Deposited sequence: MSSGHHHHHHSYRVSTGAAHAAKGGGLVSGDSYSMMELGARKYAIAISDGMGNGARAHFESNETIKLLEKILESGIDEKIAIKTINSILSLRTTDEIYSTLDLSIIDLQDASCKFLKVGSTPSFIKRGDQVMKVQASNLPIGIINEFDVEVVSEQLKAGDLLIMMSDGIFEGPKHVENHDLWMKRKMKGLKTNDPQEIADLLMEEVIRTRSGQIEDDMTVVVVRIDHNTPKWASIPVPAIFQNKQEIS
């Protein structure tokens, strides 16, 4: 009934041309008992109902205990159905188990997620499943074991691709995450945003969005620290 881990979260979001409403969507929600779920998507009132619904489906498959290849082709089937061509939407989705700190990620697109553990910053990525096996949406499904203190950073394509005069976007983000010293999720969100906006001198070509989640021990409020 009491969870061993807890989550602290932050989020920054900007719109095209310094606008007031963005078309990036994100959500971070408890998802039943012991899980916690983070999602970002790019690509209407009814639209965000259909999205949340497909996200719910993808959630349940991700959590089903199914082999990763099967999940991949199942998810492709789901997406082919209830999607058209001429819709090129992206989705990064991560779900943390709040008892063991295990985590399942699912990626559709070319925008990378990252874990920061101390001074390492790992890009979370899956292999191309072998040739001859089709993958219509280049869906990726990765499982990692997290530890307390870990940062998880997820971003929209607009912010990943945002830094001007920068050829390797992956490596630029990597560096900028390495260079942070704060462990605050929200400070980290806002800092990353400012670094890419600084690079384009204030102009905002796309909706830009990043969420950060720190993973902590769920230590009761009344606890005191112990000493050496």
### Query
Which ranges of the deposited chain go unmodelled, in order along the sequence?
1 to 7, 51 to 53, 239 to 248
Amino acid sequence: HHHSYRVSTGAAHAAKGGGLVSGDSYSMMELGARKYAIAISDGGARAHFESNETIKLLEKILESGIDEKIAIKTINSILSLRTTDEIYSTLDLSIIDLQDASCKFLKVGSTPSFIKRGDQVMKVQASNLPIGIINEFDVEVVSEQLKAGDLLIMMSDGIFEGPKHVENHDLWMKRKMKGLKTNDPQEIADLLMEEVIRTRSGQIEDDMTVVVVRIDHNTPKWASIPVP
From here on, numbers count along this sequence of modelled residues.
### Summary
Quick note on 77 to 85 and 150 to 158: per-entry mean CA temperature factor is higher in 77 to 85
#### Entry: Which of 67 to 75 and 125 to 133 has higher mean CA B factor, as the PDB entry lists it
125 to 133
## Note on the structure
Per the deposited entry, the peak Cα B-factor within the set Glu167, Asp190, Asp170, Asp184 goes to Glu167
### Task
Return the residue from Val21, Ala11, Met208, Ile215 that has the highest Cα B-factor in the entry.
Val21
### Task
Taking the chain's C-alpha temperature factors as the reference, tell me which third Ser27 falls into: lowest, middle or highest.
middle
### Task
Classify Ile38 as lowest, middle or highest third according to the C-alpha B-factor given in the PDB entry, relative to its own chain.
lowest
#### Entry: Assigned third (lowest, middle, highest) for the C-alpha B factor of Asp119
highest
## Note on the structure
Sorting the chain's modelled residues by C-alpha B-factor and splitting them into thirds places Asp100 in the highest
### Task
Would you please rank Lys176 by its C-alpha temperature factor against the other modelled residues of its chain and give the third it falls in: lowest, middle or highest?
middle
